[PDB]
Amino acid sequence: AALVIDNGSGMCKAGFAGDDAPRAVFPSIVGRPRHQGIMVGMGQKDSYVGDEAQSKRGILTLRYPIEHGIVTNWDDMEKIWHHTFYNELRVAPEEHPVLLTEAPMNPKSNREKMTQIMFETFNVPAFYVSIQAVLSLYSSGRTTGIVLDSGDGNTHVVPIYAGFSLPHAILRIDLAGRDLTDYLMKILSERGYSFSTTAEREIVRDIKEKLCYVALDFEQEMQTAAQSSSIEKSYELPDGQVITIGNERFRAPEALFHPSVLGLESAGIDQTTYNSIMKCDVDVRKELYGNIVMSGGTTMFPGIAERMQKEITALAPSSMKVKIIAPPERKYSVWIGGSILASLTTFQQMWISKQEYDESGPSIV
Amino acid sequence: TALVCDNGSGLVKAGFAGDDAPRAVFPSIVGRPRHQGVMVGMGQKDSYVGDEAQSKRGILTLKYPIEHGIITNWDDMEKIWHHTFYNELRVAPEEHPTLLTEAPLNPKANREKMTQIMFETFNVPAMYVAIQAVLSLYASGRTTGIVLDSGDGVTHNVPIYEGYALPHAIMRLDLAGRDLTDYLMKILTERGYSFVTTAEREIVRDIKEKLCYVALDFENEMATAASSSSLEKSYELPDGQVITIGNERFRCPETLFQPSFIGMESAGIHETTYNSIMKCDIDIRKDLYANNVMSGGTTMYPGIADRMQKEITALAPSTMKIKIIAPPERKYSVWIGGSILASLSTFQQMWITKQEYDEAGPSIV
Amino acid sequence: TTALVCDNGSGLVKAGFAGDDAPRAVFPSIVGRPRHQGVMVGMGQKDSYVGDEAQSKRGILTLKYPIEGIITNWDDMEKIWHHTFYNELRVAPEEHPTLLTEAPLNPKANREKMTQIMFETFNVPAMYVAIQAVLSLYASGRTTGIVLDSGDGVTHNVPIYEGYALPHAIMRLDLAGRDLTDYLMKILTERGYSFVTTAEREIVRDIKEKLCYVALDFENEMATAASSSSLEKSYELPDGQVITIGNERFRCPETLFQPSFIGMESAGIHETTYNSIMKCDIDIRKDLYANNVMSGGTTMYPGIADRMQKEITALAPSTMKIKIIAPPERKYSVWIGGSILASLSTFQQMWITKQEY
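Chains as they are written, first to last, in our numbering: chain Z, 10 to 374; chain H, 459 to 823; chain Y, 22 to 378.
If you want it as structure tokens, here you go:
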């Protein structure tokens, strides 16, 4: 079988071809000690990656080696792959077709650095890099669709048509899953809280993924949350105390549509989808309007799909069938789209041979 | 039965002898690569032809084998016939006698090339080449009449008498269905808004085929535009931009009466009918004035008949009554009268056979 | 006192006084009207801003360009025009005859309201509004010819004879300067870059000025670029990295001739020129063909002239002298015309004074 590894700027997702759900699910973090010891509690390995690094973040120095879906630090990237094989999946790369990802608007050198390391250190027999969005469309069941692959680090909007992405309109916004939490960190603090350190900030992260929601109208809900305790949500902090979280529950999602609250010189995710359709040709626009693949964990907060449907029919023509497509498995969308693609008997001929790499180099992708 | 084909400059109509409506109508479009390559899901196809080429665009040149009523590219024209037989009509050429139609002035070199190919590249058991305006007259129910076949690349004035074209009066003006479109585009961009955009060809010819009309009096009308919104007709483009077009709505189809509106120098179709009907004998001029039939594509427009009549009333001495017959089927007539003629029994001994071709070669046509 | 001239397009206004041969206030005709409650990283919060500071304001003020080759937004136009006579030109309207230019096809309804506003909201003692490219041919020292006027928003062909651009043949094409930047932007984006915000976009436009060209033949150029490094013209990006670009350099403005690169089929600048010369009658054609004249921010592109020498000849019957004249001044020639024309003693009795109105 093959391997499929979505190298996510928060969470990476490895596994084999053909499986439905990712086999190695892990944060892309490399932990290296301030000073290596010899024993547990001091730190005895030169590198601890992901979940082990997370429990051990005191002696370690944590870093997330991938920023906006561009790997900044290729040392730590290799370190992550080396983990995934022997430590996680419990496999050996030279035995394996490996399929990895890249975020659209990834530069040549950045690909080529990766494409080399897989075929020079890891000596894998077959390797394919792929475009996170075209893989999301393949998980959707389409040749054509505009795709808000709003990740944790990077929100990329892609208008795909007949398998090709029109990068032509791939507009990017620089807020996404992380930028959301760190707004909620500010605004819970405003409601008399102390969330500052990682432990406390991760409490903010969990509040976000559980209790939060995107209002269908920002006004009706401000007025209501200033009055009825229906919006109020109780939360058990792991120390013992139940607290209640209030209007922050929607105003923190509303950063996506009004970046202004963060103080970002951008327009909302919705407005960008419109500009990404309008920056395409008149014919394809009707399908893009009907085939908005919502994808990724950022597009998971309650009300968000329905909210996008609303604002986008008002941006779109009075004659338009806007339709959001929203998978429940959107958090691993790119991975399932990859899984199918790796497993495809047809697509087998696109498996870049170890030979053609050794004659053509990394530029062929 | 046998098969019949109106090869337009941009609309090939096909089918059999004995049906009153064309079995296949596709644009004469030939799509060739902008580089050898692929589109995802398909492979590399030999070429494109017709709707398939058009409805995608992107990857191709989009040429045409026929321009101005004459066949200019040949390889492409053969590819189209390949797409007419197996692909459109679902037949093999060798079983079915074929009729195809030419321009009234069409070169003897062209006709020899055409009847060559049909019995060599295709090997059809019998063929006929027929003559565009003349066949339309047959479909119009008349032996005799000066027809005005404005196809896609030209109008054609032809003094038909007793089932025969009179050559020395066969007028032809290089401005029609095609030159009339692109002009309508630029004039809406002159007006208000960017009417420029690739798909907006088909959008702004749909406008041409509806909102356009040949103003009955240009001088009155250009002023009436400046008086009343009466002329202004709105159009929602697929994006929902409810635009409105006004004086240009006529200012385009009027090109046929005033060629200066695109940029041909020639006096207009009224005068080209007058100056052909003059190249006839004084005697056959009355019948021509009573059986004057408009044919082809560009004859669609609201007003184009009465405009002709009025114009030829200025041009005619007081006595001579001009009578224009606008056909209900007009864009198809040249197919229609071909089929009906090809099914007319006796005509079985009035085809060109495979045999007299293997003997006489192209010189029979 | 002396008169004033203010040329308006979708991008750069030029304002100034008559007499001088060189425009005074050239700025982005951008207003920024408050979007919501926001505060600048610098300034406190205040209302609508015109010009360069609005570009630096981008996220607190919604940014309009009041002119899309025609005046779309009326209050916004006035907003600029106060900022013109006052903040730019440092004078007052009551003392000052003023000429505003305009894009040729401008609807009557615009013109009537344009006259009103400036006599009323502003109160200039007399004024004029005037057909852009006619003032380009005039700044070109000609009684005849055809200007191809193309800049930040709209592109034009005006076949002029003895005072008049032939109206019906003034061909327009809305593919022009922003269309070029936003293409050049998308190309580099596809390669793994992304601008969006404020600085980086503007950088991409500066690249358009330095690296871009239209080559005579696009297929021979398409080849050499992809073949050999000659064309690989670098630039030093504000982060550090050299973006090398060879094909894209010429590829970007090719949209003027082959617009289909972005997605446009309506007739290219060349074909519009053939068809305006034709869209007239037939004799004057020669000294249209022999005085194809370029003006406006886009015609700045190198190579463009040699290319049109091909691009018209291809269709024009053999014995027509095709000649493409392009001034070095070109981006301002509508003002440079308008100053000299405003200053004309002969033209004094055509200054519509506040009494006739």
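The beta carbon of each residue, even a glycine, is placed where N, CA and C say it ideally should be.
Rounded C-alpha distance that separates residue i from residue j
i, j, result
"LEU156 (chain Y)", "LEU25 (chain Y)", "15 Å"
"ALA235 (chain Z)", "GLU241 (chain Z)", "10 Å"
"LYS571 (chain H)", "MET287 (chain Z)", "47 Å"
"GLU712 (chain H)", "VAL654 (chain H)", "21 Å"
"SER692 (chain H)", "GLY704 (chain H)", "9 Å"
"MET299 (chain Y)", "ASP292 (chain Z)", "32 Å"
"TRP102 (chain Y)", "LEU265 (chain Z)", "36 Å"
"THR354 (chain Z)", "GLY277 (chain Z)", "41 Å"
"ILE47 (chain Z)", "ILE182 (chain Z)", "45 Å"
"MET359 (chain Z)", "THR110 (chain Z)", "15 Å"
"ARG212 (chain Y)", "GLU269 (chain Y)", "11 Å"
"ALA681 (chain H)", "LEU689 (chain H)", "11 Å"
"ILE313 (chain Z)", "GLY32 (chain Y)", "38 Å"
"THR218 (chain Y)", "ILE79 (chain Z)", "19 Å"
"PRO114 (chain Y)", "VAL662 (chain H)", "45 Å"
"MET341 (chain Y)", "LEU773 (chain H)", "34 Å"
"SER281 (chain Y)", "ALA623 (chain H)", "42 Å"
"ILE266 (chain Y)", "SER372 (chain Z)", "17 Å"
"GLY162 (chain Y)", "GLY318 (chain Y)", "20 Å"
DSSP-derived helix/strand/coil call for residue i
i, result
"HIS165 (chain Z)", "strand"
"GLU694 (chain H)", "strand"
"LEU273 (chain Z)", "coil"
"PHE35 (chain Z)", "strand"
"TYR341 (chain Z)", "helix"
"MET303 (chain Z)", "strand"
"residue 422 (chain H)", "Nothing can be reported for residue 422 (chain H), as the shown portion of chain H is limited to 459 through 823."
"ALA147 (chain Y)", "strand"
"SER171 (chain Y)", "strand"
"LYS295 (chain Z)", "helix"
"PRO42 (chain Z)", "strand"
"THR83 (chain Y)", "strand"
"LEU563 (chain H)", "coil"
Bridge-paired residues (DSSP) for residue i
i, result
"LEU110 (chain Y)", "Per DSSP, none; premise fails for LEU110 (chain Y)."
"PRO106 (chain Z)", "Z:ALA135"
"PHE653 (chain H)", "Beta-bridge pairing links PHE653 (chain H) to no other residue."
"residue 864 (chain H)", "Nothing about residue 864 (chain H) can be reported from this structure: the residues present for chain H run from 459 to 823 only."
"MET206 (chain Y)", "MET206 (chain Y) pairs with nothing; no bridge assigned."
"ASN313 (chain Y)", "Y:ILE167 and Y:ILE345"
"residue 414 (chain H)", "No answer is possible for residue 414 (chain H): the residues shown for chain H start at 459 and end at 823."
"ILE92 (chain Y)", "Y:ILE88"
Beta carbon proximity, residue i to chain C, threshold 7 Å
i, result
"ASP290 (chain Z)", "This model lacks chain C altogether; the protein chains it does include are Z, H and Y."
Minimum Cβ-Cβ distance from residue i to chain Y less than 7 Å
i, result
"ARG181 (chain Z)", "yes"
"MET643 (chain H)", "yes"
"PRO168 (chain Z)", "no"
Interface flag, residue i vs chain H, CB-CB below 7 Å
i, result
"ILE181 (chain Y)", "no"
"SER348 (chain Z)", "no"
"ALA142 (chain Z)", "no"
"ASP195 (chain Y)", "yes"
"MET299 (chain Y)", "yes"
"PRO336 (chain Z)", "no"
"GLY172 (chain Z)", "yes"
CB contact check: residue i to chain Z, cutoff 7 Å
i, result
"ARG79 (chain Y)", "yes"
"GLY59 (chain Y)", "yes"
"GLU211 (chain Y)", "yes"
"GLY698 (chain H)", "yes"
beta-carbon residue i near the ligand NAP non-hydrogen atom, thresh 6 Å
i, result
"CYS233 (chain Y)", "Although the ligand NAP was asked about, the structure shown includes no ligands whatsoever."
> Below 8 Å, can you find three or more Cβ-Cβ pairs linking the stretch 717-732 of chain H to the stretch 691-703 of chain H?
Replying inline: The answer is no - the stretch 691-703 of chain H does not touch the stretch 717-732 of chain H, with fewer than three Cβ pairs under 8 Å.
> Pairing CB atoms from the stretch 19-26 of chain Z with CB atoms from the stretch 35-45 of chain Z, are three or more of them under 8 Å?
Replying inline: At 8 Å Cβ cutoff, the stretches touch.
> Is the stretch 300-309 of chain Z touching the stretch 154-169 of chain Z, taking contact as three or more C-beta pairs under 8 Å?
Replying inline: Cβ pair count under 8 Å is three or more, so yes.
> On the three-pair Cβ rule with 8 Å, is the stretch 666-675 of chain H touching the stretch 748-766 of chain H?
Replying inline: Segments in contact, yes.
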